[PDB]
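Structure first, then comments.
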Amino acid sequence: XXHX
Amino acid sequence: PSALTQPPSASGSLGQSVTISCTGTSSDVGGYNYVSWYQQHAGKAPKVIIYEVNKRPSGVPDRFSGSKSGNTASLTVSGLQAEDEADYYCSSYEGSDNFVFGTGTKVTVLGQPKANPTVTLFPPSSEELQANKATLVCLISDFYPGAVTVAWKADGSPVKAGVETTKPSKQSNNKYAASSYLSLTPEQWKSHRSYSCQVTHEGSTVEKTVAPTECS
Amino acid sequence: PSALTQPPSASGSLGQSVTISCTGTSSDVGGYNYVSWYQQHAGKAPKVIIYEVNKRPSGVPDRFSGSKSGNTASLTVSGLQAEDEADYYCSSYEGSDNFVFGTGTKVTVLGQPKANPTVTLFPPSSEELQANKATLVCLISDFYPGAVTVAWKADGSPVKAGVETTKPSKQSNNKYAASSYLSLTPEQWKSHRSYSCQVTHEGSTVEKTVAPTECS
């Protein structure tokens with residue numbers, strides 16, 4: 001999943 | 001840490017719609033929004049099914065839905081299909097080190113009738129205390145579906161230490177049986193008015209309490 | 001048709017290393033630098049041990065390291081401690097806000113000593129009695145490996161009926177826990193000299209036997  | 005709480009067991013019959021909530025603790029608050037849903041299956045591995053709170057990824061059927069308010073996130077399986085039976089975890093990304101997961105939630109397409117656990121709390125036997133031992137036991141039986149949650153209390157103060165919770169086995173009657181246990185000193189046991197054992201099971205919670213005696 | 005590929009099992013030995021390789025394609029693993037790893041213990045919640053090629057969580061132990069070596073991600077695990085045995089997942093970003101998982105690995109650690117299980121037989125609690133039911137729990141605990149047999153004697157002759165045995169679960173010390181109950185009536189209970197429970201481990205027998213005595 002966090003960032004992107 | 002063990003910090004987002006979910007229902008041990010969520011279930012329904014084919015066509016019914018279950019909800020799963022993710023009642024996270026003090027959580028990741030100013031405005032926290034990287035809650036993410038995972039669906040894990042029978043020995044396969046986790047497949048994200050919802051992210052960024054309500055955004056489902058390409059492949060997911062809009063049968064599934066994401067949500068959140070203050071402290072509880074949501075997952076609705078809006079028209080239960082058999083294949084939906086599985087584990088489900090949430091995640092919240094506090095800060096870069098610490099991705100916090102839920103505790104799981106077993107979705108069950110029922111099969112048999114529903115069954116809340118028989119809780120049965122045992123005190124340290126005397127002969128055990130003569131060994132200079134103290135172990136207490138919580139017998140959980142006759143439950144369906146197979147996902148239980150056990151907590152222990154020293155006078156109604158969480159007791160995390162000394163606890164083992166077996167994962168639920170299946171009985172010959174096709175209901176389940178888990179067992180949790182406390183291992184402590186006879187000093188430990190005697191210097192507390194009561195110990196409890198509390199088990200949640202789909203909106204039933206049963207709490208058995210027990211006190212120290214003597215004569216051994 | 002894809003997800004990250006992993007080798008289904010790794011074998012290591014107490015203190016040596018082990019390296020679990022997760023392998024992707026130009027699209028995902030090696031394309032972006034967002035490859036992570038999860039430690040997931042037998043039917044529990046997954047822990048994110050590594051997030052970005054190699055960066056541990058503050059609170060993640062010994063040799064948990066990563067090496068993105070092209071399209072190959074490798075999780076080096078050295079300083080082998082029993083407590084490691086799990087199922088290990090890896091992940092990669094792959095555009096448009098999507099993340100792929102690995103097929104997992106069951107990392108078994110070899111050379112862990114064999115424990116003969118503590119047996120704790122528990123007579124029916126006063127109150128279970130005061131209700132009219134009377135179960136007896138035999139708690140088998142702290143054993144390794146996780147295979148055991150449990151028998152019950154209604155003094156001398158065996159009891160092969162009424163028995164319900166939860167077979168082994170992984171304690172927080174890479175050691176198993178299992179129980180077995182027998183549901184008597186106080187009738188039955190008092191109509192015998194003793195009730196024994198019998199636990200075979202690795203060709204060792206342990207028989208605990210309880211008689212109506214006790215304090216509480």
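Residue numbers start at 1 in each chain; chains themselves are named A, B, ... in the order of the structure tokens; ligands are numbered from 1 in the order shown.
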
Contacts from chain C to chain A, 12 Å maximum, only C-alpha atoms: show me the residue list as a VMD selection string. chain C and resid 32 to 37 48 51 to 52 90 to 101

Writing out the chosen residues with C-alpha atoms as a PDB file, in the first residue's frame:
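Done, and the output landed in out.pdb:
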ATOM      1  CA  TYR C  32      10.348   1.304  -9.616  1.00  0.00           C
ATOM      2  CA  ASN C  33      12.143   1.091  -6.281  1.00  0.00           C
ATOM      3  CA  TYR C  34       9.029   0.039  -4.296  1.00  0.00           C
ATOM      4  CA  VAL C  35       9.578  -3.574  -3.333  1.00  0.00           C
ATOM      5  CA  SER C  36       8.615  -4.535   0.217  1.00  0.00           C
ATOM      6  CA  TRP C  37       8.528  -7.586   2.467  1.00  0.00           C
ATOM      7  CA  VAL C  48       6.019  -5.096   7.111  1.00  0.00           C
ATOM      8  CA  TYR C  51       9.529  -1.189   2.593  1.00  0.00           C
ATOM      9  CA  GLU C  52      11.677   0.228  -0.210  1.00  0.00           C
ATOM     10  CA  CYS C  90       7.093  -9.394  -1.208  1.00  0.00           C
ATOM     11  CA  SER C  91       5.433  -6.669  -3.217  1.00  0.00           C
ATOM     12  CA  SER C  92       5.975  -4.240  -6.036  1.00  0.00           C
ATOM     13  CA  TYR C  93       4.348  -1.079  -7.257  1.00  0.00           C
ATOM     14  CA  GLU C  94       3.165  -1.497 -10.863  1.00  0.00           C
ATOM     15  CA  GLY C  95       1.638   1.809 -11.913  1.00  0.00           C
ATOM     16  CA  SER C  96      -1.777   3.426 -11.813  1.00  0.00           C
ATOM     17  CA  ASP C  97      -1.819   2.973  -8.045  1.00  0.00           C
ATOM     18  CA  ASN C  98      -1.606  -0.873  -8.060  1.00  0.00           C
ATOM     19  CA  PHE C  99       0.591  -3.298  -6.074  1.00  0.00           C
ATOM     20  CA  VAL C 100       1.494  -6.927  -6.818  1.00  0.00           C
ATOM     21  CA  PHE C 101       2.308  -9.609  -4.258  1.00  0.00           C
TER      22      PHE C 101
END

Contacts from chain B to chain C, 9 Å maximum, only C-alpha atoms: show me the residue list as number ranges by chain. B: 44-48, 51, 57-58, 89, 96-104, 120-128, 135, 137, 139, 164-172, 176-179, 181, 212-216

Could you check the closest approach to residue 16 of chain C for each of C:67, C:81, C:2, C:204 and tell me which residue wins, using only C-alpha atoms?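 Of all the options, C:81 lies closest to residue 16 of chain C.
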
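Matched residue by residue, the Cα atoms of chain C sit on those of chain B with an RMSD of 13.1 Å after a least-squares fit.
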
May I ask for the distance between atom CA of residue 106 of chain B and atom CA of residue 83 of chain B, given in Å to one decimal place?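 Atom-to-atom, atom CA of residue 106 of chain B to atom CA of residue 83 of chain B, that is 12.6 Å.
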
Determine the nearest neighbour of residue 159 of chain B from the options B:196, B:11, B:185, B:130, counting only C-alpha atoms. B:196

From a DSSP pass on the backbone, collect the residues of segment 83-207 of chain B flagged as alpha helix (DSSP H) and hand them back as number ranges by chain. B: 126-130, 186-190

note - atom CA of residue 154 of chain C and atom CA of residue 195 of chain C are separated by 4.9 Å

DSSP strand (DSSP E) residues within segment 24-103 of chain C, as a VMD selection string: chain C and resid 35 to 40 47 to 50 63 to 69 72 to 78 86 to 93 99 to 101

Go ahead and dump the residues you just picked, N, CA, C and O atoms, as a compact mmCIF listing (two decimals), in the first residue's frame.
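For reference, part-v8.txt as written:
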# COMPACT_ATOMS: atom_id res chain seq x y z
N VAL C 35 9.59 -2.17 -3.66
CA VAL C 35 9.58 -3.57 -3.33
C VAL C 35 9.67 -3.68 -1.79
O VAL C 35 10.57 -3.08 -1.19
N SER C 36 8.71 -4.41 -1.26
CA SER C 36 8.62 -4.54 0.22
C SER C 36 8.48 -6.00 0.60
O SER C 36 8.22 -6.85 -0.28
N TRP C 37 8.66 -6.25 1.90
CA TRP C 37 8.53 -7.59 2.47
C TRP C 37 7.76 -7.60 3.81
O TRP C 37 7.86 -6.76 4.69
N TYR C 38 7.07 -8.72 3.93
CA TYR C 38 6.16 -9.08 5.01
C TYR C 38 6.57 -10.42 5.64
O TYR C 38 6.88 -11.38 4.92
N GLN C 39 6.55 -10.42 6.95
CA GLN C 39 6.70 -11.63 7.80
C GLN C 39 5.29 -11.99 8.27
O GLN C 39 4.65 -11.11 8.88
N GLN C 40 4.81 -13.16 7.93
CA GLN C 40 3.43 -13.55 8.29
C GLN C 40 3.46 -14.97 8.86
O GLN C 40 3.70 -15.97 8.19
N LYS C 47 3.41 -8.56 9.10
CA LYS C 47 4.26 -7.44 9.57
C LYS C 47 5.08 -6.94 8.39
O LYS C 47 5.60 -7.79 7.62
N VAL C 48 5.15 -5.63 8.18
CA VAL C 48 6.02 -5.10 7.11
C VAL C 48 7.43 -4.93 7.68
O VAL C 48 7.72 -3.94 8.35
N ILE C 49 8.27 -5.91 7.37
CA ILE C 49 9.68 -5.89 7.73
C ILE C 49 10.57 -5.06 6.83
O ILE C 49 11.62 -4.59 7.36
N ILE C 50 10.28 -4.88 5.56
CA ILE C 50 11.08 -3.99 4.67
C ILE C 50 10.16 -3.25 3.71
O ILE C 50 9.19 -3.90 3.25
N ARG C 63 19.15 -9.67 11.12
CA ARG C 63 19.40 -9.52 9.69
C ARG C 63 18.12 -9.72 8.87
O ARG C 63 17.81 -10.77 8.33
N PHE C 64 17.42 -8.61 8.82
CA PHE C 64 16.30 -8.39 7.88
C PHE C 64 16.89 -7.30 6.96
O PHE C 64 17.08 -6.17 7.41
N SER C 65 17.31 -7.77 5.79
CA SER C 65 17.84 -6.83 4.78
C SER C 65 17.34 -7.24 3.39
O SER C 65 16.92 -8.39 3.17
N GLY C 66 17.44 -6.29 2.48
CA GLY C 66 17.01 -6.48 1.09
C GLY C 66 18.05 -5.99 0.09
O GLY C 66 18.80 -5.04 0.33
N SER C 67 18.04 -6.68 -1.04
CA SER C 67 18.95 -6.43 -2.16
C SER C 67 18.18 -6.66 -3.47
O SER C 67 17.92 -7.80 -3.90
N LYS C 68 17.78 -5.51 -4.00
CA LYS C 68 17.22 -5.46 -5.38
C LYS C 68 18.46 -5.59 -6.28
O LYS C 68 19.38 -4.77 -6.28
N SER C 69 18.50 -6.74 -6.90
CA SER C 69 19.52 -7.19 -7.82
C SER C 69 18.85 -7.45 -9.18
O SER C 69 18.54 -8.57 -9.63
N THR C 72 15.51 -9.08 -9.60
CA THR C 72 15.45 -10.01 -8.46
C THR C 72 15.56 -9.17 -7.19
O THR C 72 16.48 -8.37 -7.03
N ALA C 73 14.57 -9.35 -6.34
CA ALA C 73 14.58 -8.78 -4.99
C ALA C 73 15.01 -9.95 -4.09
O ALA C 73 14.58 -11.09 -4.38
N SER C 74 15.87 -9.63 -3.14
CA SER C 74 16.27 -10.69 -2.18
C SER C 74 16.21 -10.18 -0.76
O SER C 74 16.68 -9.07 -0.45
N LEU C 75 15.55 -10.99 0.07
CA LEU C 75 15.43 -10.71 1.49
C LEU C 75 16.40 -11.67 2.21
O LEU C 75 16.16 -12.87 2.31
N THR C 76 17.48 -11.03 2.63
CA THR C 76 18.51 -11.69 3.40
C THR C 76 18.11 -11.63 4.89
O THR C 76 17.85 -10.57 5.46
N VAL C 77 18.10 -12.85 5.39
CA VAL C 77 17.72 -13.15 6.77
C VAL C 77 18.80 -14.05 7.38
O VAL C 77 18.97 -15.23 7.08
N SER C 78 19.55 -13.39 8.25
CA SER C 78 20.72 -13.92 8.92
C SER C 78 20.60 -13.67 10.43
O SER C 78 20.14 -12.60 10.85
N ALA C 86 7.88 -18.45 9.32
CA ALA C 86 6.66 -17.82 8.83
C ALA C 86 6.47 -18.14 7.35
O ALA C 86 6.98 -19.13 6.77
N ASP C 87 5.71 -17.24 6.77
CA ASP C 87 5.41 -17.16 5.34
C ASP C 87 5.80 -15.71 4.98
O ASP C 87 5.35 -14.79 5.68
N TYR C 88 6.65 -15.59 3.99
CA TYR C 88 7.20 -14.30 3.59
C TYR C 88 6.68 -13.86 2.22
O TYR C 88 6.80 -14.58 1.21
N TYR C 89 6.12 -12.65 2.31
CA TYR C 89 5.58 -11.99 1.11
C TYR C 89 6.41 -10.77 0.73
O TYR C 89 7.10 -10.13 1.54
N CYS C 90 6.39 -10.49 -0.56
CA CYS C 90 7.09 -9.39 -1.21
C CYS C 90 6.04 -8.71 -2.11
O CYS C 90 5.01 -9.33 -2.42
N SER C 91 6.40 -7.49 -2.45
CA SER C 91 5.43 -6.67 -3.22
C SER C 91 6.19 -5.66 -4.08
O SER C 91 7.32 -5.28 -3.75
N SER C 92 5.48 -5.27 -5.13
CA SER C 92 5.97 -4.24 -6.04
C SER C 92 4.84 -3.34 -6.53
O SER C 92 3.75 -3.81 -6.90
N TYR C 93 5.20 -2.06 -6.51
CA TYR C 93 4.35 -1.08 -7.26
C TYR C 93 4.27 -1.59 -8.69
O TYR C 93 5.17 -2.36 -9.10
N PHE C 99 -0.50 -2.57 -6.72
CA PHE C 99 0.59 -3.30 -6.07
C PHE C 99 0.45 -4.83 -6.14
O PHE C 99 -0.51 -5.35 -5.56
N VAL C 100 1.47 -5.48 -6.68
CA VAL C 100 1.49 -6.93 -6.82
C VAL C 100 2.27 -7.61 -5.68
O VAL C 100 3.36 -7.16 -5.30
N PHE C 101 1.72 -8.77 -5.31
CA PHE C 101 2.31 -9.61 -4.26
C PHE C 101 3.05 -10.80 -4.85
O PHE C 101 2.95 -11.09 -6.05

Can you measure atom CA of residue 161 of chain C to atom CA of residue 119 of chain B for me? One decimal in Å is fine. 21.3 Å

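For residue 151 of chain C, the set of protein, DNA and RNA residues having any atom at most 8 Å away, when counting only C-alpha atoms and skipping those fewer than 4 positions along the same chain, is residues 158, 159, 160, 197, 198 and 199 of chain C.
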
If we count only C-alpha atoms, what is near residue 142 of chain B at a cut-off of 9 Å, once residues fewer than 3 positions away on the same chain are taken out, given as a PDB file with C-alpha atoms, in the first residue's frame?
ATOM      1  CA  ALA B 115     -22.994 -20.678  17.247  1.00  0.00           C
ATOM      2  CA  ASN B 116     -21.631 -18.523  20.023  1.00  0.00           C
ATOM      3  CA  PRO B 117     -18.910 -20.030  22.201  1.00  0.00           C
ATOM      4  CA  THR B 118     -19.229 -21.928  25.449  1.00  0.00           C
ATOM      5  CA  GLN B 171     -14.584 -30.810  16.574  1.00  0.00           C
ATOM      6  CA  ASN B 173     -19.625 -32.093  15.748  1.00  0.00           C
ATOM      7  CA  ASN B 174     -18.342 -29.670  13.100  1.00  0.00           C
ATOM      8  CA  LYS B 175     -18.207 -26.691  15.464  1.00  0.00           C
ATOM      9  CA  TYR B 176     -14.911 -25.226  16.680  1.00  0.00           C
ATOM     10  CA  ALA B 177     -12.812 -25.157  19.794  1.00  0.00           C
TER      11      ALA B 177
END
